[PDB]
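# Analysis of the macromolecular model
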Protein chains: 4
Amino acid sequence: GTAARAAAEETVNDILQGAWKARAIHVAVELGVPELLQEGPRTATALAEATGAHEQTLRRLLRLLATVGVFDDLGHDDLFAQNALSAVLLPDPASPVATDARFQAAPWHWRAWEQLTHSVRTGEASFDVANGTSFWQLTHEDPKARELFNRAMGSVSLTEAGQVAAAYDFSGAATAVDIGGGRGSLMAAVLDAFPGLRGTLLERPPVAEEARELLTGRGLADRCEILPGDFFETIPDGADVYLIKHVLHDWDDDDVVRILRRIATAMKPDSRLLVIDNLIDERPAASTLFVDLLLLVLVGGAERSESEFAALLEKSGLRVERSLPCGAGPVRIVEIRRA
Amino acid sequence: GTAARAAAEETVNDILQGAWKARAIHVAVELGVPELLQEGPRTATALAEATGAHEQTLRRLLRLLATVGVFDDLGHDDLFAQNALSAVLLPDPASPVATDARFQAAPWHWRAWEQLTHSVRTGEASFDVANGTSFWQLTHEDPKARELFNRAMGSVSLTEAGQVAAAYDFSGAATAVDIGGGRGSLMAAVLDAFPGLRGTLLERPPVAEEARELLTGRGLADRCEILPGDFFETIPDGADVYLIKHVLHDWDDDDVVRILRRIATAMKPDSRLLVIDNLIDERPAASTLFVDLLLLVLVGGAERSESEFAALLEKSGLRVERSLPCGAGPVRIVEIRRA
Amino acid sequence: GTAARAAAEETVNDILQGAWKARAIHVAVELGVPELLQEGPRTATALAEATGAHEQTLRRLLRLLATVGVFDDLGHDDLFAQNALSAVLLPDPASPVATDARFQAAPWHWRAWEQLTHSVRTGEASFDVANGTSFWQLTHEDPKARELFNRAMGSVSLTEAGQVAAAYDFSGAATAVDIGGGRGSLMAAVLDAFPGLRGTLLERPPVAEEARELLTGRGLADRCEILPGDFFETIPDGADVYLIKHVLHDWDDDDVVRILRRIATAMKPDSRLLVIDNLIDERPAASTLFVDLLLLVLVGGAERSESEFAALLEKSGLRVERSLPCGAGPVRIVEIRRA
Amino acid sequence: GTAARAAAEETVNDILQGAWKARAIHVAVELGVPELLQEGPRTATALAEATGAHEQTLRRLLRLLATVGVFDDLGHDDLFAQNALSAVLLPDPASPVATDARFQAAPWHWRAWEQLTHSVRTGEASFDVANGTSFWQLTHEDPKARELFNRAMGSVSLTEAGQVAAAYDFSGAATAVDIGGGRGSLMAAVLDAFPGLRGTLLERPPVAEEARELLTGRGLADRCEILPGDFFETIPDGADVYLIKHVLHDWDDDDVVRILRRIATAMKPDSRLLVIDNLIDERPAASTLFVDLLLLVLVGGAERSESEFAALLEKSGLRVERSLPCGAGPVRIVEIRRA
Ligand SMILES: Nc1ncnc2c1ncn2[C@@H]1O[C@H](CSCC[C@H](N)C(=O)O)[C@@H](O)[C@H]1O
Ligand SMILES: Nc1ncnc2c1ncn2[C@@H]1O[C@H](CSCC[C@H](N)C(=O)O)[C@@H](O)[C@H]1O
Ligand SMILES: Nc1ncnc2c1ncn2[C@@H]1O[C@H](CSCC[C@H](N)C(=O)O)[C@@H](O)[C@H]1O
Ligand SMILES: Nc1ncnc2c1ncn2[C@@H]1O[C@H](CSCC[C@H](N)C(=O)O)[C@@H](O)[C@H]1O
Ligand SMILES: [Ca+2]
Ligand SMILES: [Ca+2]
Ligand SMILES: [Ca+2]
Ligand SMILES: [Ca+2]
């Protein structure tokens, strides 16, 4: 009765305090604490001097983090040490969690969440009202913002890329086009896995240059054309396979139909389109739904079920051939042809 | 091996997503969803209309919350129901979690956390740099912020008031003064329990009048004077007992000493001071340390151990006599005499 | 005859070119190439940009290393990949070979070998002639040089430490002294394994502070005295056990006797000295003789046999009681008493 | 995996110790050990006295060298003996390996390698940075250095001279000019095989005189003019055939173009230029690339493919007429005419 109510109150309070737990991690990565603990334990004093932090306050922060499992408090000599949890925060372009922590550390990321109520009232991004500009405009104009986002997306993509290349038989295709392909890890993985294939990566001009760097340094520049462009205006015509991964979930129904219709126009009767995205099924995991809420906040996007995609595909002159599993999580490969 | 790293990564990712879980609760309380579920389940459609939310977006929010245990998703007819965790969020001035959730929903609250890095770099409140005004100034100028705060503090105080009145033998005291006594629940509980006692409450003018309401409404108006204003001016000489609850932890060391020295000069030789606040001991709970960090963010304050308070008292002409338990959290009553 | 001579000439020419093969590895490791290849093959161009190398020249270097089995030259698209031998060079504080390669990369290390002829003509170290200063003096003044030495030594001494602690029973000793104990890895392992024991670490002042940091971090600061000093002047008096590991092989016969004689006079009749070092016989492995030659080059030292040590100990008024195995290597423990 | 990693580590360590193995050979030839073992086995004691070495240390060196196959350690009575590998180290102006070993023994040769990293960072020779002077300048000013170099070059040249003379038809020519012809073995071999031919040898002054001695001794003094000169300045014009062997690989692209323009200017329209050098083709031998790296370290040069030479020749008004094999190895004769 009373004890049950008190337990519920404590459970909910832990949820509220969870916001501060996350922010403490953001500050630890922003300051570079985990990187400073790779060669044994260090004192709060020493960590404060190296990071430019206020000593007493960094000590409070580190005590708190250790209390919730991040870093170990050695309990003597003012020492703190790396542990299993703090270790996953080490900067690494291949780590989703490490890149995401640094992405989320940005004030404009946190501020979009400040205005979550706006998104819940509109179905639109809160990013604009919070930050005075859109997520796409910020990442277009601001190289630091672009870098934080592209790293966080890029780490996720590196993992998925190998999975896609292993889950779909591209052996029949001579040409592939990756629409909004980010830094190009998906195209790189598929090209590596299918030596006869050639590709084109289409991206926003600044991002396209980053993809050029990744693809060139991996020895793939002579097999992949880089196309700076806008997928609302341009889709290269007549390729065997088109790929679009974690793009459509950024866009509302109208904008998805715009994209799909332009893709449909570019497709040959024998062409295939692979929509590669998070699919909502009957019992989505909490994590899948958290990412759905992030899409809402940043760009007014949303995850969709296969039937929701199928409806939009129909309005675009396309139809689902089949859907294939792709590694762990909600990601699926939806193979699509012209109707 | 790599199975351990995977678990470490999921654990940290859950921490990051916890910020969003907190914000979803903030939005649910801002919109007033819990109070609409008191007469049986309701559809997301009806809840959205009642609250001014976008139907599909509120549905997403509620779906997410239910997957993490807050509200029940019935799984048919768009229905959601109250559950043990959501019931905790019902508007009720006696509920610490409900009032705190609604306080945290305010954009200036979340925005203080946006600039946590500033606090870690400086030892000073991030609230001021985030919001362009101090917490105290904001609660002076904006009656909505004032109300959110006074409710959040008043709910906690309601629980504490009876515990204090029962832990400390006030018999033999003729006069008591509560310094910054909020809405007066502490003063009310002590007066109830000790009919001989006459009281004086000091507070900023707006909440002083709120205290007058509470005390009057409880038939104690004749036994307690209300002195609105800065307590530095209003602190009466010659009272038998002075009380100060959840005030000193709002202030840095030097400001605490300023307050203590001011109280000392007002105390008769046989008077007692009760500092009632959260004490850090050798085994502080995570939730205790989270509140310490919140104090830094909002007002530049901090929680202290007994010996830390003892050092400040000894800069102020005061001495610890006894330290009494109060409830089952970190609250203690520190009984103090003039040196 | 003609063919056999040609084969002999090729074998010797391969030996000569082997010097350049070594240096090429030194440069690859100094530049950090192997680290850059952990995520798959990359172009010489991209590797050059990332390392600050001249593109054409790094390509030459990698192409050459690949022809002798270090890294793989993919033979297309300017790509190079990690292979079994290059992976050995990854920066790992636990790797003897990787840390040694970085140590040998130093110009002052290579320069000592420049004057090998001097050592063969005189029996003295070539390091001093070539570098204009001794190895000890350089590592005392140059913290960057000392750090390279530290990492190379540490990679092994950390494993040796646990081995000694498990191989000799210190259960009966109250006090131990590690003479020239490095950063204190040995002392730490022994103190961990023998809770009743107290220690003293004697080291050159700069190193003593390094040991302080290590032992403090291991929670042993209360159980081990740090003594900055010079073992040619000072040996702490009256300890139960003295340890001297990989020190004596740094010194010529007359210096060994000087050290041993100060140890003898500090010893109680029941004290024991443990000399822990490579004990050779009259037909060692090539690698062991290579290390003996390095001792000559760097510090004018040499590996010795038990008999040679015994001879020197007897000259110092010390007596070998017996010797013991530890580490399944050339490394043994010689247990010694006052004669 | 466990065994494989240890195998790799040992292999890499062996590569590292290979530098010391090479230096040990350098010392043995510098001291003149091999020439003392041609009349039977000798003790280290006798070898040390004969060579001015420290007895104990030479014994260390010889025992080490024998364990890796150079000299035989008889394993009794302190005796050592010549073996197949040490025999090729005997002083012989006609032996490439013996003369190269003694050239490499020089401290300034080894020191160029000390600064390999500089070359890899800049594309420039490390010799100058390491030795405070250029290779050409040192060999101009230091008669000992000049002799070591000229002997090492001259032994290789003796082996090649007969090959060139027998691989190209000099019948139609009346005059020949060897540009940077070293000690004249090439010119000598060509004059021998072609009685009607008259030669001019262009070399640095000190070198020119050594050429004079060789050609005089061969009875060709009246058939070959000796021309002290600088091929950046002076090329005798009007000769039928110009020869340039192992010179162009000493120079960078711009400097090769300078030399080529000089030669082009000097050639008659029906003249031929023979560039005789190591050619890089598909899948070059390791030893070929080792020499390429040595060129960089010593003089800032490089080995080239025929296509690379063709590019430079084209920039210089010259054209490849045909390429001919020359002996066994990477050496080829590139026959060239005016464009
Ligand atoms: N109008 C437009 N034209 C082309 N690309 C666009 C675009 N608007 C957004 N994008 C790109 O859409 C991408 C969505 S993030 C997904 C990136 C990549 N396919 C991956 O899976 O990792 C971003 O890289 C962004 O640059
Ligand atoms: N200068 C000042 N004079 C009077 N009151 C002040 C003050 N500065 C802050 N306060 C009051 O200090 C309080 C801190 S919150 C604690 C309130 C109350 N003692 C309780 O335990 O519930 C606020 O109500 C605020 O109004
Ligand atoms: N005169 C002197 N007095 C004290 N220590 C000295 C010294 N000269 C050299 N040393 C120390 O002798 C050590 C040799 S290396 C061996 C270190 C350690 N015992 C281990 O086994 O890893 C170095 O740490 C160096 O600092
Ligand atoms: N500026 C210059 N003028 C003339 N000769 C030069 C020169 N710079 C270097 N050399 C010569 O170029 C030669 C390169 S070594 C090759 C020598 C000879 N052709 C052979 O094959 O054996 C050296 O003998 C050196 O003396
Ligand atoms: Ca070979
Ligand atoms: Ca290719
Ligand atoms: Ca000596
Ligand atoms: Ca042996």
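## Overview of the coordination of the calcium ion (ligand 6)
- Distances from the calcium ion (ligand 6) to its protein donors, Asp222 of chain A (OD), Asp222 of chain A (OD), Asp77 of chain C (OD) and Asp77 of chain C (OD), fall at 2.6 to 3.0 Å. Placement of the pair is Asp222 of chain A in the loop between α12 (205–217) and β6 (224–228) and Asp77 of chain C in the loop between β2 (72–73) and β3 (79–81), with the two residues belonging to separate chains.
- Look at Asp222 of chain A and you get exposed, because its relative accessible area is 60%.
- Residue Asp77 of chain C is classed as partly exposed on the basis of its relative accessible area, which comes to 32%.

## Examining the coordination of the calcium ion (ligand 7)
- Coordination of the calcium ion (ligand 7) by the protein involves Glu124 of chain C (OE), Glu124 of chain C (OE) and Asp252 of chain C (OD), with metal-donor separations of 2.5 to 3.0 Å. Taken as a pair, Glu124 of chain C in the loop between α7 (116–122) and α8 (127–131) and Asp252 of chain C in the loop between β7 (241–245) and α13 (253–266) lie far apart in primary sequence, 128 residues in all.

## Here we look at the site of ligand 2
Residues and elements named next belong to chain B.
- Near ligand 2 lie 15 residues; those nearest to it are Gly180, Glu203, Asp230, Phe231 and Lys245.
- At 3.3 Å from an oxygen atom of ligand 2 is found a side-chain nitrogen or oxygen belonging to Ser157.
- A distance of 2.7 Å separates a nitrogen atom of ligand 2 from a polar atom in the backbone of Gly180.
- A total of 570 Å² of accessible area belongs to ligand 2 in isolation, and the protein chains cover 93% of it.
- Residues of the shell around ligand 2, tallied by class, amount to 4 nonpolar, 6 polar and 5 charged.

## As for the interface of chain C and chain A
- The interface is formed by 11 residues belonging to chain C together with 12 residues belonging to chain A.
- When the buried area of chain C at its contact with chain A is split by residue, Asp77, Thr216 and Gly217 of chain C rank highest and sum to 38% of it.
- At the junction of chain C and chain A, the tally comes to 2 salt bridges.
- Across the salt bridge formed by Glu39 of chain A and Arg151 of chain C, the nearest N and O atoms sit 3.0 Å from each other.
- Put simply, chain C and chain A have 3 residue pairs in polar contact between them.
- When contributions to the side of chain C that touches chain A are tallied by element, the ones reaching two or more residues are β1 (42–43) and α12 (205–217) of chain C.
- At 3 residues, the largest contribution of residues to the side of chain C that touches chain A is made by α12 of chain C.
- Residues of the side of chain C that touches chain A, tallied by class, amount to 3 nonpolar, 4 polar and 4 charged.

## Thoughts on helix α6 (residues 107–114) of chain D
- Extensive coverage of α6 of chain D is indicated by the burial of 7 of its 8 residues.
- Within the span of α6 of chain D, buried status applies to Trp108, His109, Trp110, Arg111, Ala112, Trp113 and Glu114 of chain D.

## Brief notes about the UniProt feature "binding site: S-adenosyl-L-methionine" in chain A
All names here are of chain A.
- Those places that UniProt annotates as "binding site: S-adenosyl-L-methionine" correspond, in this numbering, to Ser157, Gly180, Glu203, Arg204, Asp230, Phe231 and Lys245.
- Turning to its location among the elements, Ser157 is positioned in helix α10 (residues 143–167).
- Classification of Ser157 by relative accessible area gives buried; the value is 9%.
- Ignoring sequence-local partners within four residues, the contact set of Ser157 consists of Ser185, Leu186 and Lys245.
- As for its placement among the helices and strands, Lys245 is situated in strand β7 (residues 241–245).
- Not counting residues within four places of it along the chain, the set of residues in contact with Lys245 comprises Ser157, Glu160, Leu186 and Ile276.

## Topic: the interface of chain A and chain B
- Taken together, the contact between chain A and chain B spans 70 residues of the former and 68 residues of the latter.
- Its largest share of buried area at the contact with chain B, chain A owes to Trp20, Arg60 and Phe290 of chain A, together 13% of the area lost on that side.
- There are 4 salt bridges connecting chain A and chain B.
- Across the pair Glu114 of chain B and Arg111 of chain A runs a salt bridge, and its minimum N-O distance is 2.7 Å.
- At the surface where chain A touches chain B, the tally comes to 20 residue pairs in polar contact.

Cut-offs used in this document
- Residues numbered from 1 in each chain as written, not as in the entry; some residues may be left out.
- Chains lettered and ligands numbered in written order.
- Heavy atoms only, no water.
- Donors = N, O, S within 2.8 Å, 3.2 Å for Na, K, Ca; no water.
- Helix = DSSP H or I, 4+ residues; strand = E, 2+ residues; numbered from the N terminus.
- Buried < 20%, exposed > 50% of the residue type's maximum accessible area, 1.4 Å probe, protein only.
- Near = heavy atom within 4 Å.
- Polar contact = N/O pair within 3.5 Å; in protein donor to acceptor, adjacent residues only side chain to side chain.
- Areas by Shrake-Rupley, 256 points an atom, 1.4 Å probe, with all protein chains shown as cover.
- Nonpolar A, V, L, I, M, F, W, Y, C, P; charged D, E, K, R; others polar.
- Contact = heavy atoms within 4.5 Å.
- Buried area = accessible area lost by both parts, 1.4 Å probe.
- Salt bridge = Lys/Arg side-chain N within 4 Å of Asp/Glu carboxyl O.
- UniProt positions renumbered as here; feature names shortened; annotations may be inferred.

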